[PDB]
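Single chain ahead, by itself, as structure tokens, in the form deposited in one PDB entry.
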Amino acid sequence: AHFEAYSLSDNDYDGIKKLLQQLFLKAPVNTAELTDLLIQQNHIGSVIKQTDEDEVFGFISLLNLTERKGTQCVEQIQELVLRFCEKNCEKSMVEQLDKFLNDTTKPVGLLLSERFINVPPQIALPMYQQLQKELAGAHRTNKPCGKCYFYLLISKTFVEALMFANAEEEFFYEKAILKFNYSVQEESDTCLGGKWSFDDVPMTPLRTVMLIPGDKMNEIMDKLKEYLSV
């Protein structure tokens, strides 16, 4: 029944590695490394807990990629948001994506916002309200994390025209200039000696990739408050 938010600490590595596995389910990304990297920059991380009694029920952090260039997980991700683009890109967005990723006039920060389905969606409004202030403070102090001008968000979605898993990222979608979708649905195998197999998944779990300009953020908050208001 009760939720609160704390800075990332070492305590939280396991629960936040669990959430990150749920995002990159079979991806090459080394979530151990990514988790380690988020906790180190505790000056922008928030972790949600419910009131043994210290399990991580969700988390939120922003990682500035252009700034951490060279890094294994950072690399593995940039390589995966491109390789899945090529399978759905039309060859022009593969061109816009690689150029956004390496711009350095406008670095790109990865937004990570993953929670357990338990937690009521309305929590999103405090959670983003807090992140924004953490962004302002880090942009006063010229930290990497506030210098970023593009938000790269990767959303759990699916189609039963598309459902969002967290459900407030829909407001992030309609402001994203470059967007596309890749299936994360696992392929079916021929258990019973057939020529091919098909699985009746009314869900088609997928992952929507979104790039958002930083300035449209203020306007996305405007839609969070009205829709998510108590």
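Only the largest set of C-alpha atoms that superpose within 1.5 Å between the two forms is called the rigid core. Note that residue numbering begins at 1 and tracks the sequence as displayed. Only residues modelled in both forms are compared.
Trainee: Neighbours in the displayed sequence, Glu160 and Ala161 may still hide a gap; how many deposited residues lack coordinates there, none, 1 to 3, 4 to 9, or 10 or more?
Mentor: In the deposited sequence, 10 or more residues between these two have no coordinates.
Trainee: Which class describes the count of deposited residues lacking coordinates between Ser197 and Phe198: none, 1 to 3, 4 to 9, or 10 or more?
Mentor: None; the chain is continuous from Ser197 to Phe198.
Trainee: Which is higher on mean Cα B factor in this entry, 17 to 25 or 210 to 218?
Mentor: Averaged over C-alpha atoms, the B-factors run higher in 210 to 218.
Trainee: Out of 148 to 156 and 118 to 126, which stretch has the higher average CA B-factor listed in the record?
Mentor: It is 148 to 156.
Trainee: Based on the deposited C-alpha B factors for this chain, I'd like to know if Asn42 is in the lowest, middle or highest third.
Mentor: Its C-alpha B-factor, which the entry lists for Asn42, ranks in the middle third among residues of this chain.
Trainee: Pull the Cα B-factor of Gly70 out of the PDB entry and bin it into the chain's lowest, middle or highest third.
Mentor: For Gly70, whose C-alpha B-factor we compare with every modelled residue in the chain, the answer is the highest third.
Trainee: Among the chain's modelled residues, which third holds the C-alpha B-factor of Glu168?
Mentor: Within its chain, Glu168 is a lowest-third residue by C-alpha B-factor, going by the deposited values.
Trainee: Could you say whether, by C-alpha temperature factor, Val108 belongs to the lowest, middle or highest third of its chain?
Mentor: For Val108, the deposited C-alpha B-factor lands in the middle third.
Trainee: Using the B-factor values recorded in the entry, state whether the Cα atom of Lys179 falls in the lowest, middle or highest third among the modelled residues of its chain.
Mentor: Middle third - that is where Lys179 ends up once the chain's C-alpha B-factors are sorted.
Note that the form deposited in another entry isn't included here; everything after this is about it.
Trainee: Is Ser188 one of the residues whose Cα moves 2 Å or more between this form and the one not shown, with the core superposed?
Mentor: Comparing forms between this form and the one not shown, the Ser188 CA shifts at least 2 Å.
Trainee: Determine whether the C-alpha of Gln40 shifts by 2 Å or more between this form and the one not shown once the rigid core is superposed.
Mentor: Stays below the 2 Å threshold, so no.
Trainee: Note yes or no: does the Cα of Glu174 move by 2 Å or more between this form and the one not shown after the core is superposed?
Mentor: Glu174 C-alpha, core-superposed: shift of less than 2 Å.
Trainee: Answer with closer or farther for the CA-CA spacing of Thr204 and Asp189 in that other deposited form compared to the shown form; it moves by 3 Å or more.
Mentor: Between the C-alphas of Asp189 and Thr204, the gap narrows in that other deposited form (3 Å or more compared with this form).
Trainee: Quick one: in that other deposited form, is the Cα gap between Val201 and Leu206 smaller or bigger than here? Answer closer or farther; it shifts by 3 Å or more.
Mentor: Distance between the C-alphas of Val201 and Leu206: longer in that other deposited form, by 3 Å or more.
Trainee: I need the moving stretches between this form and the one not shown: superpose on the rigid core, then report runs of 3+ consecutive residues where each CA shifts by 2 Å or more, in sequence order.
Mentor: Residues 185 to 201 form the sole shifted run.
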